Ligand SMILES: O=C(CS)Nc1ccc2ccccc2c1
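Next up is one chain by itself, shown in structure tokens, the form solved without the named molecule.
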């Protein structure tokens, strides 16, 4: 339609969460979150919706609500929830980025790859040459947890960090879908995320409402029971 079926919640003066819902037989209405970030006179987008239509809606909300050009998007992992609307971005002329491993996994997940691949220093930090002018966006790769390619981003100046599918809600009873999980490293990855963004007080979840640092702690402890 025109942004009418996605939820957009203000999370900081310059940050908003986009939530869209899957409509697929055999599935419930499943929420997926990404972020929208105003960085001065430009917007940056973390993730897409399930479909191009939902993703197009996000662009419209930006256009109506913010009215600043959309400079880039990053996708945090390869699956329908975050990568589904890739082509909506390219159709719009938006430069997209993903972990190299993600772009390579996109086809086997039935998704279109981002235009550009991110490579990471052994630090776990993205190579500034592969992610030019990301501004406040700070991109960390903790290693394999929930999936092999899961990346996470921090938002400078807000004390918000986005954990992807990595961090589950502090009320989570399980780690969920351990199909692409890495049994051995999942606890260390979770904790490395926490050290990576030591100041962030709000942890945006992939599916649920934003949480505190306790979710990080909860996750790691659940993953200790994997080994």
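Each form is matched to the other, and the largest set of C-alpha atoms that superpose within 1.5 Å is called the rigid core. Shifts are known only where both forms have a C-alpha. Residue numbers count along the first chain shown, from 1.
If you look for the form deposited with the named molecule bound, you will not find it shown, but the lines that follow are about it.
Residue contact check for residue 200: none of its heavy atoms lie within 4.5 Å of the named molecule in the entry with it bound. None of the heavy atoms of residue 61 is located within 4.5 Å of the named molecule in the entry with it bound. For the chain shown alone, residue 213 is not a contact residue for the named molecule in the entry with it bound, no non-hydrogen atom being within 4.5 angstroms. Residue contact check for residue 30: one or more of its heavy atoms lie within 4.5 Å of the named molecule in the entry with it bound.
None of 152-160, 116-124, 130-138, 75-83 except one has non-hydrogen atoms within 4.5 angstroms of the named molecule in the entry with it bound; the exception is 75-83.
Residues of 32-64 that come within 4.5 Å of the named molecule in the entry with it bound, judged by any heavy atom, reduce to 50 alone.
Annotation for residue 64: C-alpha shift under 2 angstroms between the shown form and the other one, rigid core superposed. Core-superposed comparison between the shown form and the other one: CA of residue 201 displaced by less than 2 Å.
A shift of at least 3 angstroms brings the Cα atoms of residue 24 and residue 170 nearer to each other in the entry with it bound than in the displayed structure. Residue ranges 1-3, 23-27, 177-179 are the runs of 3 or more whose C-alphas all shift by 2 angstroms or more between the shown form and the other one once the rigid core is superposed.
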